[PDB]
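This text opens with one protein chain seen in two forms, each one given by itself as structure tokens under the names structure 1 and structure 2.
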Structure 1
């Protein structure tokens, strides 16, 4: 097919505000993002987790947009976010369906020092790459990065995963529960400018094939825990606020409260991402180790 329905989701993580704020307005006086040809839909996904201003109320709405969850049946009892992903399947989905959106945006914010981050789901996404390639470009001088989740497994449950062509937008760093006017713009640069690439492409303009060499999630790093339970050695003052950068074998990683360091394994370079992210602390996670692995595509016309 072609294009059609477009969405901007804000509120999947209720206490990620610069990703959320804007939407509340684009329901109030949405004139701020509607163009002369293209069609974009702004929607707040987890209203209740927004109001409290809290990651979630029953379960991560961001890990339940798939069979596994979507498929479960009607019980006013069920965990709030479930029934929510379900219904969400009617407005912009269902997922894997046909009438369901092809361009939705799942806006977020992190605590790790990451700056502009576009998230790619499957690698074989010729288009998405032209875009993830046409965003990085339309961005300079302000830095932008592409994160890839290559599930060999081959299955996603994300909120944005209802659309033909999903796109994750994340901006760091913005403490959960806070709203920095700076982050409310450290990112406006692709949206209303993306709402563009999702129109202009139509004219059938073409660019040479594509190969964004991204950083791909390959293995999450654990927190060196003491004994009884509690931590032992935390993110070192050298890795801190160093996402997307190399971490060779000497590079410190974890610093113990008694003063010691704990360096990197192997001898191959990596660019840690999601360094010291608030959420995932209950997961005993310090960061995701990444190899700046490659991504070639193919040219595209409309």
Structure 2
């Protein structure tokens, strides 16, 4: 299998402007994202949310590419993002069809101090592991992590799950509604390597069995809450900005205004991720706990 149809999504969330800015540039002069023998389409997924420069209009677009939403009768009555979701599935899918696109990169941003991050939706997918191994290794010494999202009741119905091979791209720290240049540079480098991988894959290159480190999600921790549901403590200074780095039972986790430290607890070291994400205030979450495990890929061919 050669890859034929590659797309780059920007503006899934309208106030994550790195994607929006790159995608809008690339819809004018696309040279950067083409490769000899490869044809890739840039696309703004949520134009309404990008105009208002807001996360979403009626509901989060990045949580609805599932059966419950993609298979309901089209009606101007529907929440905007649902109408949009079908519009996108019909363009780049349909999801779970042989006709759907081969790879979609879906570009995101985070207020968390994560750096260049790749999101894996299938720990068994050998083509994705090889891609991600390629992107990590290439980027060095620029740090780059892989966030693993299966399992088994907690998976999201994402925009890029339309593809046979879904690829999430997150780069942080960045405030929402801010275009930073370091971040934009890092994101354009990640894509550069991703698109060069696909190009090498097509040209017939073999990749030897490889091994990458991933961080598998396990549990989302919410903030200590009040007898109302108001946040009662904040992310401890010592945990702030320490995404990916080991957090041990003893370690400070939250801090109250009165000054008291609330520690981790539990049996083992976890690796905090999305520490203090703007978007997860609403959704009740301070960060996600992840375990550090190794994924091995078998060799791959043209």
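Numbering follows the first chain given and starts at 1. Whichever C-alpha set is largest while still superposing within 1.5 Å between the two forms counts as the rigid core.
Undergrad: Can you spot, among 77, 185, 219, 226, the one with a CA shift of 2 Å or more between the two structures after core superposition?
TA: Going through each option, the one that shifts is 226.
Undergrad: Once you line up the core, how about residue 32: does its CA shift reach 2 Å between the two structures?
TA: For residue 32, whose C-alpha is compared between the two structures after core superposition, the shift is 2 Å or more.
Undergrad: Given a core-based superposition, decide whether the C-alpha of residue 142 shifts by 2 Å or more between the two structures.
TA: After core superposition, the C-alpha of residue 142 moves less than 2 Å between the two structures.
Undergrad: Return yes or no for residue 127: a CA shift of at least 2 Å between the two structures, with the rigid core superposed?
TA: No, the C-alpha position differs by under 2 Å between the two structures.
Undergrad: After fitting the core, how far does the CA of residue 204 move between the two structures, in Å?
TA: Reported C-alpha shift between the two structures: 2.1 Å at residue 204.
Undergrad: If I align on the rigid core, how far apart are the two C-alpha positions of residue 156 between the two structures? Answer in Å.
TA: Value for residue 156 between the two structures: 4.6 Å of C-alpha shift.
Undergrad: Taking the rigid core as the frame, how far in Å does the Cα of residue 249 move between the two structures?
TA: A shift of 1.2 Å at the C-alpha.
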